[PDB]
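Engineer: no FASTA, just this:
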Ligand code: CLA
Ligand code: CLA
Ligand code: CLA
Ligand SMILES: CC1=C(/C=C/C(C)=C/C=C/C(C)=C/C=C/C=C(C)/C=C/C=C(C)/C=C/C2=C(C)CCCC2(C)C)C(C)(C)CCC1
Ligand SMILES: CC1=C(/C=C/C(C)=C/C=C/C(C)=C/C=C/C=C(C)/C=C/C=C(C)/C=C/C2=C(C)CCCC2(C)C)C(C)(C)CCC1
Ligand SMILES: CC1=C(/C=C/C(C)=C/C=C/C(C)=C/C=C/C=C(C)/C=C/C=C(C)/C=C/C2=C(C)CCCC2(C)C)C(C)(C)CCC1
């Protein structure tokens, strides 16, 4: 936390998650409980989407949110964009459900059996003890999360190359994509038309390039400690790293909301509905060209608008926490109105 | 119980059943009274169901639940899934009533004639007294229960192999199977596809295998105590062992609800109804494929959905007793919202 | 201790004369119901119709023995019912005579007598004289079993419902291994000759039990596994009579051999709604039932209520007077 003086600070219940921000074990426990909640939502809602799926209609009109996310990977897709056999969606939903179960079990284990601070441990638990002031352990955690995201990108790459086939909007069948792009100059040139790429080989080439970039960043962050040039320009607290991550996930949400509404192959038009139109009224939303009867919207509209609004409010959360990390009081803005 | 204040911690009447967690003389009376109520349900409710039975309609139509539980054992079913008499269901319910009567008598004995403690005797009861600190005696009680469960499994195998025939979904006849399964390779292969078996012989062979496995586990728990790493990893208390068993019975209830949902040979489709579909709305219910006239359900749904709910709430009871055994009092939650 | 007037018969626990008097008076009331209601519910009888439809309650038991019935199962007389009712009248007379003589004239404490009364006083802490009373009662019940055995040899034998004849039984079973295997074949033997053949074995068993109880007292373990108080001995007797009432309700439900089906009623059906009961296969419209359903249901409910009375006296005997007060703090 910030703690502009008053080192022994007490937070009330409406800021109740600020109480464990200094301790270590509850800091692990709350986050793995949150990951259990995300895995539970994923598995339980693709099961709920299998429960409320009709094969006599098109996909995106009935609010199909997760089954197009699995059909773009090409798991149970047939011919012409038709889904007749849904075994592996139920398989990955059950996998995510039991994964949420074991993650919640570990969360309650760290809340109950593991102590608050990991400095009282003796074996490997003392090596996992972290503080918001030393950047070395934070760099180790940073590099290992970099390595895990790179491993996830490599798993997606193997799903595109060896472990299965992806889906395209041209042939509307599965496709075993091999021999991707190997040139980084055209990847440097992809900063202008990244929204419409229209080729899956370029997609898996960009994915293996960003995956190898992530592995390089991971081994770089594990190998060298963080330097001194960034410690003079970046703040080192809980709310500072919270702010950097909040701005990162808000930018990622804006990027994903732009990617959802205009793409055609990473979001097929028969699975998510037609591509959208960026329409600014009061706020910039995404409207469909055709109008659904029961005031309804496609999955593309729901995904793009929800991710845009969540990215917007996460940007203001980054703003709140980043101004908090710079020393602002925030009753100073109430004292500025009260002095007036 | 965690013994917060001391061993004589107070309890109100909404938790008064925690008062005999350390007495170990009222434990016996409460448990065999629950066994008496279980046998009372098992007998009196099939006596209730034998009065409202219709021979023309299907058994999964009006809500017959216990009679399809006995019809798959081949007691009073004719050819093609039709019931020809009501006598063996009546005598099985009657002997369950007699077992309930003698177990309730033993319960009133153990709460009335037997003392509140069991270490206060001088005969065989001194060797029967248990408490929640020693691993070897509790392992002995566990091994005795494993021997009893394996004996029940071998009794089921003897019923299927020597005490008449059995119903199947292949020939639709009361069939006496023979030559059960020896190799565990198909038993290992059934671990990844346990929904459909397509063999009654492999079912009774797996039953003989798990029965012998339970006799072996009971003998192992009788002879040798826990080696020492269980005292380091696990816990040994009332609430901890209760939570272990609650998680076990919740997992058993989950897999039993799923086995009632998908399978169609252990539960015959002409007796319970058509095989259900796992429809997750606000909760996962195992819904029918046909529709009943006035808000009714088939008996397979009444089995599977109720056992799913009971497995869910027993999972949360396992969570409650696990947190109770791990030093959490649930009084820091009400104390973390003040000031 | 003191008992209120709403429940004050517990004073018979120490007074022995009233203990004899009230029970012999109760037996006089039973014999008065046996004699008087046979001679009073005879005007409801009509041999033109059936015996199961009118609701005759006593006379089925008299036609069970095979006194005034012949071929086809028809009643042509009343005079055997008259002589059995009349001996029940004079038996109730002499039994009530001894009853009120013990109530009014005999002393209460039998140990304060001089002749053959001081050797007749009983109490609740001895296994010897109570064993003598048990032996004499076992002798008399075995004598009643001997009378049932002699009914199949003296007056033409019992009545058979299968062959529709009052046949003389003269084939006793000389093997107790059939008696062992009867626990599956309860009320389904399809033979009337095997009932008397099972009655002579249990009759000689009753004589042997009475001889064992007269000759030797409880030799030591009955002082430990059992109690001798009045409430506990009442509990044991009520449990025995409740088991008897339940098995008699089962015999009135399922047998249709000892009870003739053309006289008592059709075979019954075991049902359960709120309480378990028995219902006829052929119902009657005027809110009436056969003697089978009436007897089986009433004996089932009375056996249940006397099982509850057995549990009440067992809780009263073993110190559980009022201990559920400590539920609420
Ligand atoms: C990375 C995510 C993240 C994390 C870890 C935190 C963490 C924290 N924030 Mg926070 N915040 C975030 C994102 C995040 N914030 C965003 C995106 C916003 C913008 C809206 C804010 C705005 C914000 C404010 C304004 C304040 C905090 C405060 C705090 C601190 C106290 C704990 C707390 O939140 O109270 C516990 C949380 C609650 C009691 C929840 C409040 C109940 C809300 C109103 C209901 C949820 C709204 C809605 C229904 C959500 C669903 C949306 C849609 C599906 C309908 C804690 C360190 C407080 C602080 O620094 O004081 C010490 C504080 O005053 N945050
Ligand atoms: C094998 C199962 C088992 C056993 C032996 C116990 C044993 C115990 N539990 Mg328990 N529990 C269980 C399962 C079990 N629980 C499950 C599955 C849950 C989740 C719901 C709980 C939740 C729970 C709580 C929240 C608490 C206990 C407590 C206790 C202890 C005190 C006795 C008691 O319950 O109060 C005496 C019993 C009663 C008062 C009976 C109440 C019955 C209510 C009125 C039923 C309401 C109807 C309900 C909807 C169910 C309907 C079923 C439907 C089919 C009709 C005792 C050691 C308490 C404790 O730790 O001590 C303080 C406590 O606070 N338990
Ligand atoms: C052979 C059978 C037998 C015997 C000898 C006894 C003997 C005794 N019982 Mg008893 N009891 C029995 C069977 C028996 N009971 C059965 C089967 C039940 C269950 C229904 C009970 C329930 C019972 C209770 C609940 C109590 C006794 C008590 C007593 C003792 C006090 C004296 C007495 O009877 O009060 C005489 C009492 C009355 C005559 C009742 C008053 C009048 C009522 C209101 C009328 C009867 C109600 C009934 C509905 C009428 C219609 C009859 C119906 C068949 C049509 C005495 C030792 C009491 C005790 O322990 O001592 C204080 C006591 O509290 N008994
Ligand atoms: C708040 C809080 C917290 C947190 C926690 C959490 C948040 C949790 C979560 C957790 C979770 C979230 C969990 C999960 C679980 C899971 C489960 C419970 C599952 C189950 C399921 C099932 C069993 C299923 C089944 C099936 C299958 C498998 C298939 C077929 C069909 C069916 C569907 C039936 C803490 C403690 C830290 C602190 C305090 C407060
Ligand atoms: C090709 C392609 C692709 C790929 C992509 C990629 C590969 C990307 C990358 C990306 C990246 C690679 C990005 C980056 C960016 C960055 C940023 C966004 C940053 C920001 C930040 C800032 C600006 C900060 C600053 C600072 C510092 C550094 C320190 C001092 C102070 C300050 C704070 C100021 C895809 C798949 C789509 C498809 C196909 C095509
Ligand atoms: C053949 C026949 C017959 C006959 C019958 C008889 C012969 C019967 C018998 C019966 C019997 C012969 C029975 C038995 C039973 C038994 C019981 C029922 C017992 C009980 C007991 C008790 C309850 C006791 C116990 C105890 C002891 C010992 C001690 C400890 C504790 C106690 C108390 C628990 C008739 C006529 C039908 C006809 C036809 C044929």
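Structural biologist: Perfect, I can see it now. Numbering: from 1, shown residues only, chains lettered A, B, ... in the order given. Ligands and ions are numbered 1, 2, ... in the order given.
Engineer: what does the stretch 101-250 of chain A have sitting close to ligand 4?
Structural biologist: A:101, A:104, A:107-108, A:111 (CB under 6 Å from any ligand atom). In this view, the C-beta of every residue, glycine as well, is placed from N, C-alpha and C.
Engineer: How about the contacts made by the residue in chain A that ligand 6 sits nearest to?
Structural biologist: For chain A and ligand 6, the shortest gap (CB to the nearest ligand atom) falls at residue A:112, measuring 47.2 Å. By CB atoms under 8 Å, 6 or more residues apart in numbering or on different chains, the residues touching residue A:112 are B:322-323, B:326-328.
Engineer: again, only this time at 7 Å
Structural biologist: B:323, B:326, B:328 (CB atoms under 7 Å, 6 or more residues apart in numbering or on different chains).
Engineer: Quick check on the residues of the stretch 101-250 of chain A next to ligand 4: which are buried?
Structural biologist: A:104, A:107-108, A:111 (16 or more other CB atoms under 10 Å in any protein chain shown).
Engineer: for the most centrally placed residue in chain A, what are its contacts?
Structural biologist: Closest residue to the average C-alpha location of chain A: residue A:249 at 7.0 Å, with CA atoms, centre = their mean. Applying CB under 7 Å, 6+ apart to residue A:249 gives the contacts residue A:314.
Engineer: where along the stretch 1-150 of chain A do the helices fall?
Structural biologist: With helices called from DSSP state H, counting those that start in this stretch, the stretch 1-150 of chain A shows them at A:25-51, A:67-71, A:88-112, A:135-161.
Engineer: Neighbours of whichever residue of the stretch 151-300 of chain A sits closest to ligand 2, how many?
Structural biologist: Ligand 2 sits closest to residue A:238 of the stretch 151-300 of chain A, with a gap of 35.2 Å, by CB to the nearest ligand atom. Residue A:238 has 19 neighbouring residues, counting by other CB atoms under 10 Å in any protein chain shown.
Engineer: Do I have it right that it meets residue A:132?
Structural biologist: Yes. Using CB atoms under 7 Å, residue A:238 is in contact with residue A:132, at 4.8 Å.
Engineer: How about the residues of the stretch 1-150 of chain A by chain B?
Structural biologist: By CB under 7 Å from any CB of the partner chain, the residues of the stretch 1-150 of chain A that approach chain B are A:13, A:44, A:47-48, A:51, A:112-113.
Engineer: Now rank those residues by neighbours and give me the top one.
Structural biologist: residue A:47 (21 neighbours).
Engineer: ok, it - contacts?
Structural biologist: Residue A:47 touches A:90, A:93, B:280, counting by CB under 7 Å, 6+ apart.
Engineer: And the residue of chain A that's closest to ligand 5?
Structural biologist: For chain A, CB to the nearest ligand atom, closest residue to ligand 5: residue A:206, 3.0 Å.
Engineer: Contact partners for that residue?
Structural biologist: residue A:187.
Engineer: Give me the distance between whichever strand or helix holds it and the centre of its chain.
Structural biologist: In this structure, residue A:206 is located in helix A:200-223 according to DSSP states H and E. The chain centroid and the centroid of helix A:200-223 are separated by 17 Å, computed with CA atoms, centre = their mean, to the nearest Å.
Engineer: Also stretch A:16-24?
Structural biologist: On CA atoms, centre = their mean, the centre of stretch A:16-24 falls 23 Å from the chain's centre.
Engineer: ditto for stretch A:6-26
Structural biologist: 26 Å.
Engineer: Please apply the same query to stretch A:256-263.
Structural biologist: That offset, for stretch A:256-263, works out to 15 Å (CA atoms, centre = their mean).
Engineer: got a list of what the closest residue to ligand 4 within the stretch 151-300 of chain A touches?
Structural biologist: Going by CB to the nearest ligand atom, ligand 4 is nearest to residue A:238 of the stretch 151-300 of chain A, at 18.0 Å. If you count contacts by CB under 7 Å, 6+ apart, residue A:238 has them with A:1, A:21, A:132.
Engineer: Spell out which parts of the stretch 201-340 of chain A neighbour ligand 1.
Structural biologist: So far as CB under 6 Å from any ligand atom goes, the stretch 201-340 of chain A lies against ligand 1 at A:242, A:246, A:313-314, A:316-317, A:320.
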